[PDB]
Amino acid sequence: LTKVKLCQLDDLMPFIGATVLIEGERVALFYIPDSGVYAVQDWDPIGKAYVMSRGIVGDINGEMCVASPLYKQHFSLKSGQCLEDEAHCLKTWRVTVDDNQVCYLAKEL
């Protein structure tokens, strides 16, 4: 239920990936004006390189995804599922924006 300050919303350009680190893992933040902020692993599972922050965002049958800047596969920003290879999926992180504070939701105990 707890949230950890990640970055300021104006650190994020609309539709343009910003890399950040969440407890050691490479994460790509994508601010979508109408939707909020989505986080996905920055490492491209098919292409092998931290490069997802550099992928072009666009809409595909509605719900939008990010195209890897390497072998062009499309990955859903919400679920992480790759559209052209049901075998690949990007790791996701729950994210919220209160004032202009972008946080990620963690656990505890």
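All residue numbers refer to positions in the sequence shown, first residue = 1.
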Averaging only over Cα atoms, indicate whether 100-108 or 4-12 has the higher B-factor in the PDB entry.
100-108
On mean C-alpha B-factor from the PDB entry, just flag whether 82-90 or 14-22 is the higher one.
82-90
Sorting 70, 60, 56, 28 by Cα temperature factor from the record, which one lands on top?
60
With respect to the C-alpha temperature factors reported in the PDB entry, which of 65, 32, 52, 39 ranks highest?
65
